[PDB]
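> Here is the input, now give the coordinates:
(one chain, ligands or ions: 1)
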Amino acid sequence: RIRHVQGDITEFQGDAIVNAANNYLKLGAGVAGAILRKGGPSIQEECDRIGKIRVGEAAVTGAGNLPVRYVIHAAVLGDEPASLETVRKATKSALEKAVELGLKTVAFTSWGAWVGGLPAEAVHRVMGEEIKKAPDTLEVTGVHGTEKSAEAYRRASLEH
Ligand SMILES: [Rb+]
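Numbering: from 1, shown residues only. Sure, structure below:
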């Protein structure tokens, strides 16, 4: 239910990508920058017309010129700081949205740009638990910058 690959999430060709976000849905930091660049202005514009949400919630937009149908914005910080709990909620909420849209293929990054203050392995652990709990109609892809990293993530998923 989760496969880890080297690639560019702005090149994922499935139903949706998950984009880590502040709760004000003001995009730009991290992978969002590339998403705005290649996806175009309509992604922030739709966010502007959703308004702000709560930390731990997710919100859905179209994907502009990207080869996915939807972007799922997962609010990990803002009005309160990122923690293992906000990470858990934002993941569960992102996946809940995907299920609501009746989607099958969804892609996350490592959320690294958003969890600098947290212990990496515990963050990976919590998102993994939420992903595991998600229904089997979903196929989740983790996308990483380097093969070395993705092979590390796959190797780590062999710890069981
Ligand atoms: Rb931000």
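> Which positions in the chain make contact with the ion?
When proximity is defined by CB under 5 Å from the ion, the chain lies next to the ion at 22, 29. C-beta coordinates here come from the backbone N, C-alpha and C atoms, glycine included.
> Quick check: buried residues in stretch 79-95?
Judged by neighbour count using 16 or more other CB atoms under 10 Å, the buried positions of stretch 79-95 are 82-83, 86-95.
> out of the residues you listed, who's nearest the ion?
Taking CB to the ion as the measure, the ion lies nearest residue 82 of the buried residues of stretch 79-95, at 10.5 Å.
> Residue 25: which of the buried residues of stretch 79-95 is nearest?
residue 90 (12.4 Å; CB to CB).
> What distance do you get for that closest one to residue 23?
9 Å (CB to CB, to the nearest Å).
> Okay, strands next: where are they in this structure?
Ranges of strands in the chain, per DSSP state E, are 2-6, 16-22, 58-62, 70-77, 105-108, 139-144.
> Could you double-check that residue 60 sits in contact with residue 101?
Yes: with contact defined as CB atoms under 8 Å, residue 60 reaches residue 101; the gap is 7.0 Å.
> hey, what's in contact with both of these two?
Both residue 60 and residue 101 are in contact with residue 70, where contact means CB atoms under 8 Å, 6 or more residues apart in numbering.
> So for these two, which sits in the more crowded spot?
residue 60 (18 against 13; other CB atoms under 10 Å).
> Now for the more buried one: which residues touch it?
By CB under 8 Å, 6+ apart, the contact set of residue 60 is 70-73, 97, 101.
> which residues sit against stretch 90-108?
Outside stretch 90-108, the residues that reach it (CB under 8 Å, 6+ apart) are 9, 12, 14-18, 20, 55-60, 68-70, 72, 74-76, 126-127, 130-131, 133-135, 137-143.
> check contacts around the residue nearest to the spatial centre of the chain.
Centroid-nearest residue in the chain, with CA atoms, centre = their mean: residue 18, separated by 2.9 Å. Applying CB under 8 Å, 6+ apart to residue 18 gives the contacts 58, 71-72, 74, 94, 106-109.
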